[PDB]
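Input: a single structure, listed below in structure tokens.
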Amino acid sequence: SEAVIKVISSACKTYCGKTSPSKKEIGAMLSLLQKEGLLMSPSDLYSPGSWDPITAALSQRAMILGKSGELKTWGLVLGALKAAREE
């Protein structure tokens, strides 16, 4: 909502680098992860046990609707966290 955008922006930069997303990207993806009912708060990203219902949905709408405007962001924000919760 304001902090998470940065709390995760620093992680993706250390797990991806320049390839990482942007404050504009994540910010938009978040609003979508809250409207779809997939998340109740921006801090929900700290729940690695909810990435399942959040990864299948995004990949489902993209494969079906034909647009991964939010997937490209999820995959990135995930590729970083997944590594942060492994060490």
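Identifiers for the structure tokens are assigned positionally: chains receive A, B, ... in sequence, residues are indexed from 1 per chain, and ligands are indexed from 1 in the order shown.
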
Compile a residue-level contact table for stretch 30-54 of chain A against stretch 58-81 of chain A at a cut-off of 9 Å, reporting for every qualifying residue the shortest atom pair and its distance in Å to one decimal, with only C-alpha atoms counted, rows ordered by chain and ascending number, as CSV.
```
residue,atom,partner,partner_atom,distance
A:30,CA,A:70,CA,8.7
A:32,CA,A:70,CA,7.7
A:33,CA,A:70,CA,8.8
A:45,CA,A:81,CA,8.5
A:46,CA,A:81,CA,8.3
A:48,CA,A:81,CA,8.3
A:51,CA,A:78,CA,8.2
A:53,CA,A:58,CA,8.8
A:54,CA,A:58,CA,6.4
```

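The coordinates place atom CA of residue A:5 at 9.3 Å from atom CA of residue A:24.
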